[PDB]
């Protein structure tokens, strides 16, 4: 399956660290698919070079450029910068099917079985469960769908200020149609749901395949003691500690060659 991939996104260096750890986690669990990352010119050349190693393909998108198809739409709704860049994940017509994953996710086990799913497949979002979380989703690249999402972004925008309301408005049958398009929550496990909902977590939380660090606080916003191999501080740091083990073990030395 050379025409299938995991696709992530990073518009800066902080998020590139996430992209790097995520990509490493993917390789660590032996994925048979291609690894792709959408990037912007604002990503440093040192970060960019590390991504060229972790990823099979590094694509460069620049919506600030008048030559991009999303530029006009960025002028009309300038707050949607990250969202419009994200939508270019549907432009990767070199792939037949992809699994989009936020740069703040971490893969804990092989998830190649997601490629059995069809567009649009995604896990429920905690908070408002009739909306799917846009941090992890299965889609099929297409110029027609992309132009269609751009159009909707222009005329309506997003009810959340981010891509989530836009993707839910466009793929509106998700809640009431096809249970198969409802990815098990363990494929996009919100870290907030882990420390908060202790019961539900203690019961199914060990089955987690993908952790999603949703809060204000990303993993790279923590301090990690290298001796003790643990973050400094609240009830379940084991997930932050794995992110840092990967970053410290495989990402940091990789960045030292620059």
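Numbering follows the first chain given and starts at 1.
Missing deposited residues between residue 226 and residue 227: none, as the chain runs unbroken there. Comparing 69-77 with 91-99, the higher mean C-alpha B-factor in the PDB entry belongs to 69-77. The question of which stretch, 150-158 or 106-114, has the higher mean Cα B factor is settled in favour of 150-158.
Note on the listed residues 37, 192, 26, 210: the highest Cα temperature factor in the record is that of 192. In the PDB entry, residue 234 places in the highest third of its chain by CA B-factor.
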